[PDB]
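Enquirer: Please read through the structure below; I'll follow up with questions.
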Amino acid sequence: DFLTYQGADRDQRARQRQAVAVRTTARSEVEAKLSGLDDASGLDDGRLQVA
Amino acid sequence: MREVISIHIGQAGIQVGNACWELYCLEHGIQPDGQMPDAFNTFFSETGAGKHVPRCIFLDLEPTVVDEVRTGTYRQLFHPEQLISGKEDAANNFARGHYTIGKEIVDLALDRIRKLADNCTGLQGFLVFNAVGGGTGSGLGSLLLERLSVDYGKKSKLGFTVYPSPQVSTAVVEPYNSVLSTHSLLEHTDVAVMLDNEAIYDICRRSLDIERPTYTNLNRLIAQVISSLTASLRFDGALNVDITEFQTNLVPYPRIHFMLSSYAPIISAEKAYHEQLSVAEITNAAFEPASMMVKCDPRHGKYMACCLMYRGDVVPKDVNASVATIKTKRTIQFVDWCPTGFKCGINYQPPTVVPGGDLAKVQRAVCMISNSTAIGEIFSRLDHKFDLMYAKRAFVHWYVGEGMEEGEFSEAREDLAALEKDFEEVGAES
Amino acid sequence: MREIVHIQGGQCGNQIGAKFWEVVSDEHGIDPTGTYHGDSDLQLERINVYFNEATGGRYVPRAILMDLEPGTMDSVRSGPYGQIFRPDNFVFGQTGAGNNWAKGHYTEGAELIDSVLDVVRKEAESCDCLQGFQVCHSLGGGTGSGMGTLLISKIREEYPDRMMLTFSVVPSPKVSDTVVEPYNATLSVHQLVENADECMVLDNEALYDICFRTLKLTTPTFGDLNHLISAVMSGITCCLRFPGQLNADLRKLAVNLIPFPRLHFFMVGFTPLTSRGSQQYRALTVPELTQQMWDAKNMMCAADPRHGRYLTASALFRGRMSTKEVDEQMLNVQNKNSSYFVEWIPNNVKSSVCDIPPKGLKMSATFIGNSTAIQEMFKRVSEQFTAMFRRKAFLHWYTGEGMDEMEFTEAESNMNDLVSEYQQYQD
Amino acid sequence: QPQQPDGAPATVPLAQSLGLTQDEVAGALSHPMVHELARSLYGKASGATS
Ligand SMILES: Nc1nc2c(ncn2[C@@H]2O[C@H](COP(=O)(O)OP(=O)(O)OP(=O)(O)O)[C@@H](O)[C@H]2O)c(=O)[nH]1
Ligand SMILES: Nc1nc2c(ncn2[C@@H]2O[C@H](COP(=O)(O)OP(=O)(O)O)[C@@H](O)[C@H]2O)c(=O)[nH]1
Ligand SMILES: [Mg+2]
Ligand SMILES: [Mg+2]
């Protein structure tokens, strides 16, 4: 209570790190779904089926 | 922390800054009263609990536009003492804005800069906004940049100056103010991004399909250019471009610091559905000569250094495929001594859209700020008009009486003419 | 019982090594928390080669992370496998080089160097036998070039007898993120020839080509390119971390691949690369890994090995295999086309076998190639630099930070001397 | 306008058919979004109806 400002800046750093962690996990999920796309992922299968 | 200060000078400064901070509060979710319902540290300073203040100063000699912000929809947002007003305007008088009535208001302006400098931990640059066609934008814009260089050494200054157009312009003595202010911003601005209202008139007419654009419509897409320029600092991206990265990759010489600007997707929502906006499709739209925001022909000159700021869902591969097709195009010309003239900036956040703006929700956007030798035609056309002005010495008594000496037009004459000489020989091959 | 000290510099270094420590910790079985979950006892046998013992059973990597902008360090810390590093090893600045080699090497890099040698020297004497220092950085940028190559120069005079593996990506003609990249690359290679023991030459134009035509990846990201380098950086020191039939340390590779002291730049290829659609068609045998090993498409450098003769080659094989037909296949390609190999080195190719394959693969191999074709990527940066230097473009962002034009002339003096020696052995 | 079918329900007017409040019908033109719509309609001279 007497050193509340030290706790305030520690909590600010913790909240900053948590927010960066959440944003990076969301971006990691997005780039993983982007990187999963390949020839094994179904593309042009409709073209093969219609031919 | 990546923290910058924006300075808006003159009538164009206050009106552009109204559109910029409308985009800036909407990007970070800031409500107009200042309540959040830490990417905002670039522009918004967190004061106490739940309150955010702009890192800007609105100084203008006329009060009628400063009190408009004080009575508009953003009264609770801006700190009221950062907004600087004056008793009377300079009124297209470079002598007034720099010598007579610039003295008593620049002391209050530097005090707000001093208070904002100690508040920010690491300052990255000054985003100065002015119009060189007006008395306050030139004269107070010149005097403030003189004081910024002495007080704050080696800190970058981003200059987005509104420059007079050859055909369409709103005042008679603009060739006097634009030529005199050229001497100040040549030696003192580290980056001078030109702006031309007639080109932005033409950009709005053919792309947005808005055939009666007003000053609100022009400032809204100016706000997108300034936001996408600084979007790398605020939000994490694939290839971050700091403010200091622009000077090291755009200007090869100290006297050459003028760059064009272009925003690639300017598309209405009725145009957005039928148009497939791909990265290669919008990179070609960036380097379109009629899509430049300054009325000049880049085909006439040679490109010297280019910067591409991509936003949204842009993978780092197809930007390179777009760049390779740009290099192979023979219509765009590069200077021989700059084989790698591209700076690429990719940010993952798509640009927000203001409710009420003409722009549509687009996933990907490009802001192109490039250096070319075709911008010697920009100063040459105003050099012809100032030659007619000073030959018969019209409107000089409004300048001589208010402090300025007669030879101050002369010293600004070959200085802008030496800029013509400098731009001609640099682009020349050897 | 030898140790590798790992240093990552700049945005490229902090992003490559994020995938590097993801691969290695998953290979030895360390969880993102920092404990052990390995199935086999051979994983825990060599932990010291990349990880430090900590109190409570924690395994902390020997990684020193540095840059001049703290934005990149927040990404590597907050990602997966990002809390295993020491927080005190996160040494960083706040100004940023801004793609300036003058800034990264002289002005604001130098104050941060005194912080990183405190971290490295505390970590160097922490371990008992220094095998070498491994560094990963970029040559096109300024944060990893200027600060990275002063770090290489300073730890050379402190530890001269230890190895120096440098993983460096170089500027490309086709892809160009930086305008001033010939200035930063040439001034970094000139500071690399007399300091670095051996250099892993990488580029972005080859990884994008490999990810496109081989892996059939429609949307390759940097993280996809980082995985290709991260597989390599484990494959170079694979025999350090595991037993094998024929083992190879770093100095095993250095004595074989370096005929003359200034010819320490190598091209790298990773063998078992196949798309998931084409995975079922491939039969995993040593001739199929070898035929992908020697193909120029699978190389991760801009240099085409068909243009210049192979001065010396290498082989870092991983997995259970036969030492006859591994050794037979290395000498079979030496006789199929002997024009692409140098004549006065009989048995150019060196081979080594490790019996522990990586995760998800039964057989794998890593190629290190000392070829004179790597003069192509040195002429290409130098021809870009000599075009800019004649007009003295973009120079005041270098000469304003305290250097003369004499350092640029001596940078091209060593750059033109490096290609002069490589061209001479091609003849 | 086509003639309504026989036995038509004699449909109620639109405002309180779809449920507009007195404040909304009084200040339809006073809303900022409607003002921006009117500004863009003024800007599109002849292409407003397009
Ligand atoms: N694009 C754009 N240009 C503007 C805007 N407001 C003013 N301008 C430009 O400003 C020029 C007129 O000079 P001003 O900068 O307004 O002069 P001032 O700031 O009022 O200074 P004084 O005239 O001395 O009082 C015009 O030619 C316009 O091109 C704006 O909102 N958008
Ligand atoms: N392979 C790979 N290359 C990268 C990555 N990040 C950046 N680069 C390359 O690094 C170059 C720019 O380096 P830069 O980020 O400025 O290095 P720094 O100045 O040390 O931070 C670009 O041309 C990119 O191609 C990455 O994660 N993987
Ligand atoms: Mg005014
Ligand atoms: Mg041995």
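Chain lettering (A, B, ...) mirrors the order of the structure tokens, residue numbering begins at 1 for each chain separately, and ligand numbering begins at 1 in order of display.
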Could you tell me, counting only C-alpha atoms and all ligand atoms, which protein and nucleic acid residues lie no more than 8 Å from ligand 2, written as a ChimeraX atom specification?
Expert: /B:238-240 /C:9-16,67-69,97-100,137-145,169-172,175-178,203-204,207,222-223,225-226,229
Enquirer: Quick one: write out the picked residues with C-alpha atoms as a PDB file, in the first residue's frame?
Expert:
```pdb
ATOM      1  CA  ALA B 238       5.903  -8.234 -40.942  1.00  0.00           C
ATOM      2  CA  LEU B 239       8.384  -5.506 -41.976  1.00  0.00           C
ATOM      3  CA  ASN B 240       8.304  -2.616 -39.515  1.00  0.00           C
TER       4      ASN B 240
ATOM      5  CA  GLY C   9      20.666 -10.159 -33.704  1.00  0.00           C
ATOM      6  CA  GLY C  10      18.072  -7.942 -35.320  1.00  0.00           C
ATOM      7  CA  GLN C  11      14.569  -8.698 -36.519  1.00  0.00           C
ATOM      8  CA  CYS C  12      15.735 -11.530 -38.782  1.00  0.00           C
ATOM      9  CA  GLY C  13      17.853 -13.046 -36.020  1.00  0.00           C
ATOM     10  CA  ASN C  14      15.087 -12.886 -33.424  1.00  0.00           C
ATOM     11  CA  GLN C  15      12.610 -14.435 -35.873  1.00  0.00           C
ATOM     12  CA  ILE C  16      14.812 -17.191 -37.320  1.00  0.00           C
ATOM     13  CA  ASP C  67      18.506  -5.733 -31.319  1.00  0.00           C
ATOM     14  CA  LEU C  68      18.145  -1.960 -31.192  1.00  0.00           C
ATOM     15  CA  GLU C  69      14.324  -1.876 -31.278  1.00  0.00           C
ATOM     16  CA  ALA C  97      19.454   1.342 -36.320  1.00  0.00           C
ATOM     17  CA  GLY C  98      16.922   2.243 -39.009  1.00  0.00           C
ATOM     18  CA  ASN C  99      18.584   0.128 -41.728  1.00  0.00           C
ATOM     19  CA  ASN C 100      21.826   2.048 -41.136  1.00  0.00           C
ATOM     20  CA  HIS C 137      21.635 -12.250 -38.228  1.00  0.00           C
ATOM     21  CA  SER C 138      20.890 -10.363 -41.446  1.00  0.00           C
ATOM     22  CA  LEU C 139      23.275  -8.563 -43.778  1.00  0.00           C
ATOM     23  CA  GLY C 140      20.672  -6.438 -45.568  1.00  0.00           C
ATOM     24  CA  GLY C 141      19.506  -4.680 -42.414  1.00  0.00           C
ATOM     25  CA  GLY C 142      21.418  -2.416 -40.093  1.00  0.00           C
ATOM     26  CA  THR C 143      20.523  -3.689 -36.640  1.00  0.00           C
ATOM     27  CA  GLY C 144      21.878  -7.185 -37.264  1.00  0.00           C
ATOM     28  CA  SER C 145      24.683  -6.079 -39.585  1.00  0.00           C
ATOM     29  CA  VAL C 169      20.918 -13.867 -45.051  1.00  0.00           C
ATOM     30  CA  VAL C 170      22.083 -11.608 -47.871  1.00  0.00           C
ATOM     31  CA  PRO C 171      20.374  -9.035 -50.103  1.00  0.00           C
ATOM     32  CA  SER C 172      18.732 -10.317 -53.289  1.00  0.00           C
ATOM     33  CA  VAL C 175      13.418  -9.107 -53.748  1.00  0.00           C
ATOM     34  CA  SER C 176      14.547  -5.902 -52.042  1.00  0.00           C
ATOM     35  CA  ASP C 177      13.145  -4.775 -48.711  1.00  0.00           C
ATOM     36  CA  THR C 178      15.847  -2.141 -48.116  1.00  0.00           C
ATOM     37  CA  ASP C 203      19.120 -15.575 -48.877  1.00  0.00           C
ATOM     38  CA  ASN C 204      15.415 -14.897 -49.204  1.00  0.00           C
ATOM     39  CA  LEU C 207      13.865 -19.917 -49.684  1.00  0.00           C
ATOM     40  CA  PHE C 222       8.333 -15.653 -43.112  1.00  0.00           C
ATOM     41  CA  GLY C 223       7.547 -18.344 -40.539  1.00  0.00           C
ATOM     42  CA  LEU C 225      10.942 -19.651 -44.492  1.00  0.00           C
ATOM     43  CA  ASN C 226      12.204 -19.624 -40.897  1.00  0.00           C
ATOM     44  CA  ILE C 229      16.680 -22.406 -41.844  1.00  0.00           C
TER      45      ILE C 229
END
```
Enquirer: Select, as a list in words, those residues of chain C with any atom no more than 8 Å from chain B (distances computed using only C-alpha atoms).
Expert: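 Residues passing the distance filter: residues 71, 94, 98, 99, 100, 173, 174, 175, 176, 177, 178, 179, 180, 181, 208, 219, 220, 221, 222, 384, 387, 388, 390, 391, 393, 394, 395, 396 and 397 of chain C.
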Enquirer: Next, the residues of the selection above should be written as a PDB file, in the first residue's frame with C-alpha atoms.
Expert:
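Final output, again28.pdb:
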```pdb
ATOM      1  CA  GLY C  71       9.371  -4.356 -30.733  1.00  0.00           C
ATOM      2  CA  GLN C  94      15.324   1.777 -27.795  1.00  0.00           C
ATOM      3  CA  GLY C  98      16.922   2.243 -39.009  1.00  0.00           C
ATOM      4  CA  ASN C  99      18.584   0.128 -41.728  1.00  0.00           C
ATOM      5  CA  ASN C 100      21.826   2.048 -41.136  1.00  0.00           C
ATOM      6  CA  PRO C 173      18.251  -8.738 -56.740  1.00  0.00           C
ATOM      7  CA  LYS C 174      14.688  -9.960 -57.237  1.00  0.00           C
ATOM      8  CA  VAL C 175      13.418  -9.107 -53.748  1.00  0.00           C
ATOM      9  CA  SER C 176      14.547  -5.902 -52.042  1.00  0.00           C
ATOM     10  CA  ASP C 177      13.145  -4.775 -48.711  1.00  0.00           C
ATOM     11  CA  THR C 178      15.847  -2.141 -48.116  1.00  0.00           C
ATOM     12  CA  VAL C 179      16.997   0.678 -50.388  1.00  0.00           C
ATOM     13  CA  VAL C 180      20.475   0.913 -48.854  1.00  0.00           C
ATOM     14  CA  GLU C 181      21.104  -2.847 -48.639  1.00  0.00           C
ATOM     15  CA  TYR C 208      10.884 -18.403 -51.501  1.00  0.00           C
ATOM     16  CA  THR C 219       0.961 -18.707 -49.385  1.00  0.00           C
ATOM     17  CA  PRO C 220       4.462 -18.868 -47.854  1.00  0.00           C
ATOM     18  CA  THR C 221       5.072 -16.551 -44.895  1.00  0.00           C
ATOM     19  CA  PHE C 222       8.333 -15.653 -43.112  1.00  0.00           C
ATOM     20  CA  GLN C 384      25.000  -2.707 -56.776  1.00  0.00           C
ATOM     21  CA  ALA C 387      26.770   1.830 -58.862  1.00  0.00           C
ATOM     22  CA  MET C 388      25.668   3.730 -55.754  1.00  0.00           C
ATOM     23  CA  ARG C 390      30.195   6.501 -57.783  1.00  0.00           C
ATOM     24  CA  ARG C 391      27.326   8.976 -57.385  1.00  0.00           C
ATOM     25  CA  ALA C 393      24.121   8.322 -53.037  1.00  0.00           C
ATOM     26  CA  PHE C 394      22.679   7.767 -49.540  1.00  0.00           C
ATOM     27  CA  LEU C 395      26.114   8.514 -48.078  1.00  0.00           C
ATOM     28  CA  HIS C 396      25.324  11.266 -45.558  1.00  0.00           C
ATOM     29  CA  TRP C 397      23.436   8.718 -43.450  1.00  0.00           C
TER      30      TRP C 397
END
```
Enquirer: Hey, can you check how far atom CA of residue C:266 sits from atom CA of residue C:22?
Expert: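 Separation between atom CA of residue C:266 and atom CA of residue C:22: 24.6 Å.
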Enquirer: With a distance cut-off of 9 Å and only C-alpha atoms, select the neighbouring residues of residue B:412, excluding the residue or stretch itself and same-chain residues fewer than 5 positions from it, and output the selection as a list in words.
Expert: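 Final neighbour list, sorted by chain and number: residues 179, 180, 181, 182, 183, 407 and 417 of chain B.
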Enquirer: Please, could you write that set of residues out with C-alpha atoms as a PDB file, in the first residue's frame?
Expert:
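Just written: part_23.pdb:
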```pdb
ATOM      1  CA  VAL B 179       8.507  30.925 -52.764  1.00  0.00           C
ATOM      2  CA  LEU B 180       9.474  32.586 -49.471  1.00  0.00           C
ATOM      3  CA  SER B 181       8.496  29.541 -47.403  1.00  0.00           C
ATOM      4  CA  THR B 182      10.558  27.301 -49.711  1.00  0.00           C
ATOM      5  CA  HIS B 183      13.791  28.676 -48.220  1.00  0.00           C
ATOM      6  CA  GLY B 407      15.867  41.738 -50.991  1.00  0.00           C
ATOM      7  CA  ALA B 417      16.248  28.343 -58.703  1.00  0.00           C
TER       8      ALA B 417
END
```
Enquirer: What's around residue A:27 at 10 Å? Count only C-alpha atoms, leave out sequence neighbours fewer than 5 positions away in its own chain, and write the answer as a list in words.
Expert: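 Close residues of residue A:27: residues 21, 22, 32 and 33 of chain A; 348 of chain B; 79 of chain C.
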Enquirer: Would you kindly return, as number ranges by chain, each protein, DNA or RNA residue with an atom no farther than 6 Å from any atom of residue B:136, considering only C-alpha atoms and excluding same-chain residues fewer than 4 positions away?
Expert: B: 10, 90, 97, 140
Enquirer: Would you mind telling me which residue in B:38, B:32, B:125, B:410 lies nearest to residue A:19 when using only C-alpha atoms?
Expert: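 For residue A:19, the nearest of the candidates is B:38.
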Enquirer: Quick one: residues within 12 Å of stretch 19-33 of chain D, only C-alpha atoms, excluding same-chain residues fewer than 4 positions away - as a PyMOL selection string?
Expert: (chain B and resi 73+354-357) or (chain D and resi 12-15+37-40)
Enquirer: For those residues, write N, CA and C atoms to a file as a compact mmCIF listing (two decimals), in the first residue's frame.
Expert:
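Output saved as out_21.txt:
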```txt
# COMPACT_ATOMS: atom_id res chain seq x y z
N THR B 73 -17.50 18.36 -32.15
CA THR B 73 -17.77 17.08 -31.52
C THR B 73 -16.58 16.55 -30.73
N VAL B 354 -14.08 5.45 -41.58
CA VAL B 354 -14.89 6.37 -40.80
C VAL B 354 -16.35 6.27 -41.24
N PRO B 355 -17.29 6.20 -40.29
CA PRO B 355 -18.71 6.31 -40.65
C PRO B 355 -19.01 7.71 -41.14
N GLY B 356 -19.35 7.82 -42.42
CA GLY B 356 -19.55 9.10 -43.06
C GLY B 356 -18.54 9.42 -44.14
N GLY B 357 -17.42 8.72 -44.19
CA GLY B 357 -16.46 8.92 -45.25
C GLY B 357 -16.85 8.20 -46.53
N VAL D 12 -51.06 -0.51 -43.24
CA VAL D 12 -50.85 0.63 -42.36
C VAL D 12 -49.60 1.38 -42.84
N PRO D 13 -49.51 2.70 -42.67
CA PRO D 13 -48.33 3.44 -43.13
C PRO D 13 -47.02 3.01 -42.48
N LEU D 14 -45.93 3.43 -43.14
CA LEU D 14 -44.62 2.81 -42.97
C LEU D 14 -44.00 3.11 -41.61
N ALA D 15 -44.20 4.33 -41.10
CA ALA D 15 -43.45 4.81 -39.94
C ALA D 15 -43.68 3.95 -38.71
N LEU D 37 -24.63 11.49 -45.12
CA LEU D 37 -25.30 10.97 -46.31
C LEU D 37 -25.78 12.09 -47.21
N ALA D 38 -26.35 13.15 -46.62
CA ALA D 38 -26.79 14.30 -47.40
C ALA D 38 -25.61 15.03 -48.03
N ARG D 39 -24.49 15.12 -47.31
CA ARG D 39 -23.29 15.75 -47.86
C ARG D 39 -22.75 14.98 -49.06
N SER D 40 -22.70 13.65 -48.97
CA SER D 40 -22.25 12.85 -50.10
C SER D 40 -23.24 12.89 -51.26
```
Enquirer: Please identify all residues of chain D having at least one atom at most 6 Å from any atom of chain B, considering only C-alpha atoms, and return them as a list in words.
Expert: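 Using only C-alpha atoms, chain D residues at most 6 Å from chain B: residues 36, 43 and 44 of chain D.
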Enquirer: How about saving the chosen residues, N, CA, C and O atoms kept, as a PDB file, in the first residue's frame?
Expert:
```
ATOM      1  N   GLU D  36     -24.026  13.260 -43.051  1.00  0.00           N
ATOM      2  CA  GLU D  36     -22.953  12.820 -43.940  1.00  0.00           C
ATOM      3  C   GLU D  36     -23.511  12.217 -45.223  1.00  0.00           C
ATOM      4  O   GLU D  36     -22.938  12.404 -46.306  1.00  0.00           O
ATOM      5  N   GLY D  43     -22.533  16.014 -52.974  1.00  0.00           N
ATOM      6  CA  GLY D  43     -21.296  15.913 -53.732  1.00  0.00           C
ATOM      7  C   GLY D  43     -21.465  15.170 -55.044  1.00  0.00           C
ATOM      8  O   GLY D  43     -20.936  15.586 -56.077  1.00  0.00           O
ATOM      9  N   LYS D  44     -22.197  14.062 -55.024  1.00  0.00           N
ATOM     10  CA  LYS D  44     -22.539  13.363 -56.262  1.00  0.00           C
ATOM     11  C   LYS D  44     -23.642  14.154 -56.950  1.00  0.00           C
ATOM     12  O   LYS D  44     -24.818  14.029 -56.606  1.00  0.00           O
TER      13      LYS D  44
END
```
Enquirer: Please identify all protein, DNA and RNA residues within 9 Å of ligand 3, counting only C-alpha atoms and all ligand atoms, and report them as a list in words.
Expert: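 For ligand 3, the residues inside 9 Å are residues 10, 11, 12, 60, 61, 62, 63, 64, 65, 88, 89, 90, 91, 92, 134, 135, 136 and 137 of chain B.
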Enquirer: Set the cut-off to 12 Å, count only C-alpha atoms and all ligand atoms, and list whatever residues fall near ligand 4 as a PyMOL selection string.
Expert: chain C and resi 239-240+243-253+255+352-353
Enquirer: Once you have the residues from the selection above, write them out as a short mmCIF file (atom, residue, chain, number, x, y, z; two decimals), in the first residue's frame, restricted to C-alpha atoms.
Expert:
```cif
data_model
loop_
_atom_site.label_atom_id
_atom_site.label_comp_id
_atom_site.auth_asym_id
_atom_site.auth_seq_id
_atom_site.Cartn_x
_atom_site.Cartn_y
_atom_site.Cartn_z
CA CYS C 239 26.19 -35.11 -34.34
CA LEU C 240 27.11 -32.97 -31.31
CA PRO C 243 25.66 -40.45 -30.81
CA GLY C 244 26.28 -41.83 -34.27
CA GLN C 245 28.21 -44.27 -36.40
CA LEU C 246 30.48 -41.49 -37.71
CA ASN C 247 30.33 -38.29 -35.66
CA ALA C 248 31.09 -34.73 -36.79
CA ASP C 249 31.65 -31.71 -34.56
CA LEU C 250 31.90 -28.13 -35.81
CA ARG C 251 35.68 -28.37 -36.15
CA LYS C 252 35.26 -31.65 -38.06
CA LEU C 253 33.37 -29.60 -40.64
CA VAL C 255 38.90 -28.59 -41.21
CA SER C 352 28.92 -38.17 -41.42
CA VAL C 353 26.07 -40.29 -40.08
#
```
